[PDB]
Amino acid sequence: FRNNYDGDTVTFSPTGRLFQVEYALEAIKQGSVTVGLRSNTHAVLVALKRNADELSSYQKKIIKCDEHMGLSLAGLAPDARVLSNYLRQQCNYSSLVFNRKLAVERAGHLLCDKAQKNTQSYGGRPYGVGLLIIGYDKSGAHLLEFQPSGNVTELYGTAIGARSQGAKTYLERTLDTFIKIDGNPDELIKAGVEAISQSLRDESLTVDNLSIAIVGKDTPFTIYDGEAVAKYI
Amino acid sequence: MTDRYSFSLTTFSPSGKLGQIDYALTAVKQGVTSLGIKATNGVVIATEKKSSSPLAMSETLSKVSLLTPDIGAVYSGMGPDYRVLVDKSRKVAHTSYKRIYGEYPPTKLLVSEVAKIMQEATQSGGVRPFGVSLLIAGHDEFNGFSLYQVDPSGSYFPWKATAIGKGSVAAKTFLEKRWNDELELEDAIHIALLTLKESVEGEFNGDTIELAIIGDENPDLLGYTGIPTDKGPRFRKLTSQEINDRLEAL
Amino acid sequence: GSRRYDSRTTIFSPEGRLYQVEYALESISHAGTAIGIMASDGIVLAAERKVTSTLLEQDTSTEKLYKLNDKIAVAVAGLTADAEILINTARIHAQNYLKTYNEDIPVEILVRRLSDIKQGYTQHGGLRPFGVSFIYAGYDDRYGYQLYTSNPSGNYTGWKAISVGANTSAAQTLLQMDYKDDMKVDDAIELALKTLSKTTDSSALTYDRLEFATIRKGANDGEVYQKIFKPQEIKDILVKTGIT
Amino acid sequence: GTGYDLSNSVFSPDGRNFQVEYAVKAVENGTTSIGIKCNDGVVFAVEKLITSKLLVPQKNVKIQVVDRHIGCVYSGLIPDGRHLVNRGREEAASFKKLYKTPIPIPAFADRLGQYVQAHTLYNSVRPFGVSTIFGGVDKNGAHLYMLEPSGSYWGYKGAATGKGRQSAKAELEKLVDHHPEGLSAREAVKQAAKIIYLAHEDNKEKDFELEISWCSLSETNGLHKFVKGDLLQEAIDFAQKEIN
Amino acid sequence: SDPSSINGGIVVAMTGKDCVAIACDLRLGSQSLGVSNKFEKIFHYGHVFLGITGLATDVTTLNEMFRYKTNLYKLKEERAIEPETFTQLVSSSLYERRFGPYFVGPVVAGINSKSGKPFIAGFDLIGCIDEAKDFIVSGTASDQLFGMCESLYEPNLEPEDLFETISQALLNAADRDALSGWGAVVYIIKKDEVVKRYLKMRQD
Amino acid sequence: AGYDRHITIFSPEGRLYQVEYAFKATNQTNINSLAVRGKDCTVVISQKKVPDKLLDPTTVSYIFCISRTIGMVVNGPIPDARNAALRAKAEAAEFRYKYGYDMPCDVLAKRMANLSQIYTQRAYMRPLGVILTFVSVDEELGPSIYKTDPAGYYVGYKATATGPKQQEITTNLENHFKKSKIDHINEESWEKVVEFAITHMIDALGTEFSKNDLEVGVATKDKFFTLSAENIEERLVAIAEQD
Amino acid sequence: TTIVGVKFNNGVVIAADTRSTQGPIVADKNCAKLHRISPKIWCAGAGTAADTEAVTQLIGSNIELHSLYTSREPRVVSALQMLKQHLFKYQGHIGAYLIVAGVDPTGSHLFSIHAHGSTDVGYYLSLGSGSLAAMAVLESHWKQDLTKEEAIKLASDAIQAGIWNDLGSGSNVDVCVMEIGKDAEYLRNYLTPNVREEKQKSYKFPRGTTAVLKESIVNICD
Amino acid sequence: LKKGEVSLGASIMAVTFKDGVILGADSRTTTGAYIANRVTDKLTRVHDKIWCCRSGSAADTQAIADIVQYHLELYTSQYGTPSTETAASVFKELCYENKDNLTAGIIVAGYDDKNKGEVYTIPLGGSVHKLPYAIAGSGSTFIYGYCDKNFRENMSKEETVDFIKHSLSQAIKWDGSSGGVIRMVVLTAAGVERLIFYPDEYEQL
Ligand SMILES: [Mg+2]
Ligand SMILES: [Mg+2]
Ligand SMILES: [Mg+2]
Ligand SMILES: [Mg+2]
Ligand SMILES: [Mg+2]
Ligand SMILES: [Mg+2]
Ligand SMILES: [Mg+2]
């Protein structure tokens, strides 16, 4: 059955499935949770960072791609580095050549196409990381969810990673409320933390644990780590 | 995308056998019979035109091909493989010899060039061997007349007479009895016709047989007059009628 | 994908042997025996022809003994076509060296280069090896008469007398028996022929089934003469020695 | 034996390319999308599944334009579709660059076709997991086409693909039988919306979003434009009307 | 700056009765400086002789290239190259470098081993063949040699007489050329034997 | 070792199964075609079957105009058929640019056959599952029919048929030519040859045809064209008088 | 050099002189400028001799291979297109100015090709330094529907105009006649109007005249 | 223009009229003051009803036309009959993209049923200009005044043949690089007509 149809991404199963891609989607599921949500003025990324032992640092989950866009990752970190680098370059080219800030919708489109190439050719392997992209462009605030299959979706809020489904429900409930947190960055963040705290189980989010990022109207993409997330627990 | 088959498709099996070469030789065994006989003043190569239908026009398919004005070839095996081997042979005759020395290559060397093309299909990446064996007959100033057989492995050998394909074992036997070193070309054409008659199942005539000789120079086939050093091609395909005239003197 | 069809010709077996090389050596053991014997005044190369008949043109033939230079020749055991590929690259290397240094290429240099090519097919590229073993007979101003041998692995070694192909164990035993360091060419001829005669898998050793060559420095000259025996000459030398 | 379905370009004993057939299965598991050709244009419509309330309404656009006169919609693996459209765009540009005139629809179709077929020729690539409905207006009329994973394509009067393909084709056959005169783009827009709503029953467990676009010589100038605003709501209403 | 005038030298070939002859001077110089008086310009591959005038590094390179090519030819063909054939090989080898030519003027002289017909040919630096039945001249004193040959030459001379003729054509042509001389060599070629004679001449 | 049925390498019997399986794919469309030569024309008839009522009938064709002079009818899946048509059109144009004269039908066939032979020998390339019948009225050879297949074989024909019911058509034509004794239909107008063709296809397949059930291509000196539904009907209406 | 091509009622004839020059010196008093591209397609060439032989032999070779592949006799329009695309590729650097004529299944043809890649069709053409002297004749005596005999004379006279009046031409006249139903007939040295008069004296030297220093035998065989 | 290559000199023009378009040209080619060919055909067919008048380098224009002819034959085989605008574009692409090595001034004229007759002039730089009529070649300088004064849109065939005939005779009169016969190619729905006018006629007008 399987070892016949899951050895390469270039092989479709009898039911039309791409197993290597589906296995990639699984690495994401074993990654730490990260939430994204936005109002009409700001977009926030909140991420629970994970460690290896109690003697190590907590691996970063948020990456700035340009002053108006960034993302949180879940899954294989080396891959997020590879894809955020591409996004950094694509953002840079737009500015350099057209003196234009790359639109989030376009960033999403670009990410999808980069991921797809890795699912139709032999020898390759799908990317094994998921990303939540938030940004503030000419059409306002945006949150996008990217999955290694190449599917990128624009949302109001979301979460990915292990137990992501909890926060995904909180957001799905709190929608009417957070979509209106305009002009109040701290509140949006608090909604994001509330959301992320619904996918906890192991411990409580501490100062070495949480990572938040916000971007919006008069706020360049900025990463708050440790010291500065104290006021949100 | 891309030819990622950069590995050999022919490899040695535990018994020292080159599988694909043995299988190609089997393909050659199921092919129509072709033979060649070398006389004192000529060589004749012959084969049967196994037309795969009566609606097909058998003349538009030549199994006996001219490689150079003094060299001809016939085969047994997979026709399309032979067709491409002929194109490549006619071309190499030019690229590795005429464009360098101003003269056509001698039989053995052209033979050696076709053989190399076949050997490489036996080791290069991503290809299977050619499923054909060829009988190349030709003449050249310093070696006279010669007949050579080239196998799917790339091995070639010179013969006085030989046969390849379907009934090659029986035919090689008929040839061993009839052959002697005092035969004139007409006698070889004769023996060729006899040997072929036994391999041929049905109608045996000038429209179902293909014979060609490498003999005297044919000035009437040159196309021009005036230059005395080039006296004409020694290769000549016998016409439907020329074969019939000889079949009646059976 | 394509990995599926790859036989992996350049891998080691769990015992550290090269599969394809071992299998190529097996193929070689079925080829007519080639023998080389080194004397104080010349070298002899004798070989038994495989796949013959009454109709094969022996006069215009050469499937086992090839001239690589006016001072170097090889005897081939294995796939004739693979051998011709290598033989031609050797012929070119010999001329490249002559052009570069204006001196004939020393035998071991030619031998080493050929072996290195064989070795390559052994470690990279994914192609099957060449199913050929060579006996090189040659002369040069540094070491005089030499005889070497190379196999699919690309290893080469030097000998006073050697054989490749079918029935090597038997032939080597007979050679090691009757061989003496002070041999003369006329004597080497006899031994080579005697040895083939006792190891042949066929009825009797007849001229039409042989190829014979000697490299001698005829005292009434100076240049080393490579002589590829012609059919009638093989018939003649076969009588004098006593095999009829 | 077996194994004829593990590598793309392999022919099975009965002449089929199994990998292409499994690709079709990925297309059948996809959303329904259609195309309706009219008296002077084409209308494309597609069903967009609302995985959740978190999706921003009207933003995840699925229908794509090629050049300025071709619309493309597909069902199956969305990314593969985007890949095909990116190629379509490169091909349309190449055509306009060399010949000045925007690419004719029959020419464009074949461009897509040759590329898709190309992906059924080697085992190193996977076939496209989408069926694409596309077309637009050119020098001589409107054209609608549907392209399958095998590279097969033909022109259509109406076309449907995806999970609800059968209801759609059913409803589509009704339109072609009752209106042989043709259909106005206005009606086709309404009818497309209907057909998608009805087709939506083949996936009645999730709420959906309708997307329509058209290219018409009289309503859009032979250019591709999405159906937005008044026009779109009118078609949605007409749809929720003829459902009960 | 004219590569064909840096080193100096001449070669002439003539045909006779069942024979040919090819001769050359022995000077190698660097502009006005005589450098060697032992620079032979005639080489042979089997029974085919080739004389080459021009830039000395190319003369040496070409001899080496033709030895290489004729050696391989002999191995593959199992017979020595003929004059007619070699001539074609020289021509094709020269034209291969059509846009970055060897600055030489080759001359082929020999007798076909099968037909016995005497043969000589000349080439320009890019391969054009001049198959004359009388004589071929090449070098920095080619005009002079043409003058000498056109007057001194008469058809069907015997080996003993051709020698005198070619020798005088050469000798007097060289004495009117600043870049030629310093010695001379003549080859009288017959089906069976080839004789090589060094001539006594002025050394200025 | 057992993968000898997936790529183009010899089976222990010296067969190339992938080539054989490519020959079975040519029959997947269930369309038959035939070609006959007139006195100065060549006609190819091919069945046309449009199942889905949603298709635009004008786009369903397996007959291609390769060049101003060469026409080609394909028996095989449309994507492989079109892959071949494109290549043939490119080969024909390039030949004219390079050699100064129009590429002969027989030479185009040989070229396409040589390309096919390659897919047969190189493991990375799969054969195309199609049979190509090329027709024209050659300036040197007269009316011509050359057909190539997945094995890289090609030959010229007096007439030929291709498809699932090839044999019935072939035996029919074979009988006509043994009866008449010539290698071509002895009619002056291509219209009568077209009729002869349709008639024999009907007699052979035992089926009656309407105008939307046939597809017809005709080759005459300096041009190859396809008949319209209406031109075919005029052919049909002319035949319903001998029968 | 003077080369001409003249079209007649059922064929074509080309002709050329036989002097080869290197500056003001006659390097070859009887070279051949008529090259065979195929049995019935011949080409006259002027300019750089190595180039006219090279471009001719190369195209002739490829034409021979094209014929064997297509089973058809070679056409002049093929040699023409091949020759011109090659010459155009080299931007004039291959100094070949040719007059290509021949008969093939479609009839008799005559074209000219200049080194840069342009071709012309005509009933009479000339090229070479002697081009003007030859054309003056062709322009004075050509008429339509010439017979084979008239065309050979016309082409022959044109070459003579060049031999006599152009220092870049001389010696003999070579002609090649290509007639629609017959084999091409190459007439090498059709006219030989410049034989050297017998010399006034014999320059045969008495043996021993030349001073020899050393004599030795050359070893040929191995 | 490369040293010593054949030049077209020329007096060429293409004029659109009611029924379609007519191309005209002289027939002289030169290498300096020598007339290399006095009866050249500068009216080249790249498609059944799309022709061009060539000027500049003879080699360049032949090479270019040979390639356009090829591109249009392949276009036709795949997409049907090409427009004149498409033919002009292919010509332009080649002239523009290789402006450093070519000397080609090409006038493209063609006939279509939807568009009637069309003229496109592609001057030395590779720019394309669609016009009612166009003149080019070295002899054109002399008829700028005459042509601008006498051209009228929608003329008849008879009138257009006359206009082209008078213009070119003047051009040929003054330009040494122009001469020979006046060739014309008429392109209309009816087909393609080839006309030729000898010196004895045009010289005294
Ligand atoms: Mg379907
Ligand atoms: Mg000189
Ligand atoms: Mg001196
Ligand atoms: Mg001095
Ligand atoms: Mg294959
Ligand atoms: Mg494959
Ligand atoms: Mg004038």
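Chain letters run A, B, ... following the sequence lines, proteins first, then strands; residues in each count from 1. Only this structure's heavy atoms are used, side chains among them; waters, hydrogens and symmetry mates stay out.
Considering every non-hydrogen atom in both G:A49 and E:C128, the closest pair reads CB-SG, 3.3 Å. Closest approach of G:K199 and E:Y153 over heavy atoms only: NZ-O, 3.1 Å. Shown here for E:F146 and G:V26, the closest heavy-atom pair between the two residues is CZ-O, 4.0 Å. Nearest heavy atoms, G:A54 versus E:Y95: CB-CZ, 3.3 Å. Pairing each heavy atom of G:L213 with each of E:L199, the nearest pair is CD1-O, 3.7 Å.
For chain G, no part of E:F135 is nearby; none of its heavy atoms comes within less than 4.5 Å. Residue contact with chain E, scored on non-hydrogen atoms closer than 4.5 Å, involves the backbone of G:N219 exclusively. Only the side chain of E:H44 comes within less than 4.5 Å of a heavy atom in chain G; its backbone stays farther off. Using a 4.5 Å cut-off between heavy atoms, G:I25 contacts chain E through its side chain alone, with no backbone atom that close. In this structure, chain G has heavy atoms under 4.5 Å from both the backbone and the side chain of E:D130. Neither the backbone nor the side chain of E:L94 comes within less than 4.5 Å of any heavy atom in chain G. Only the side chain of E:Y187 comes within contact range of chain G, with heavy atoms under 4.5 Å apart.
Between atom NZ of residue G:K214 and atom NZ of residue E:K196 there is a gap of 8.5 Å, rounded to the nearest 0.5 Å.
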> Do E:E154 and G:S202 pass the side chain to side chain donor-acceptor pair (under 3.5 Å) test, and can you show the C-alpha distance, the side-chain angles, and the key distance before you say yes or no?
Replying inline: CA-CA 8 Å; E:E154 68 183 78; G:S202 171; 3.2 Å; yes
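Ranked by heavy-atom pairs under 4.5 Å with chain E, the first of G:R196, G:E53, G:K201, G:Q57 is G:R196. Highest contact tally toward chain E, considering only G:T48, G:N30, G:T210, is held by G:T210 [criterion: heavy-atom pairs under 4.5 Å].
You'll find the side chain of G:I94 stays beyond 4.5 Å of the side chain of E:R98, heavy atoms only.
Ring geometry, E:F99 versus G:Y90: the interplanar angle falls under 30°, so the pair is classed parallel (tilted spans 30 to 60°).
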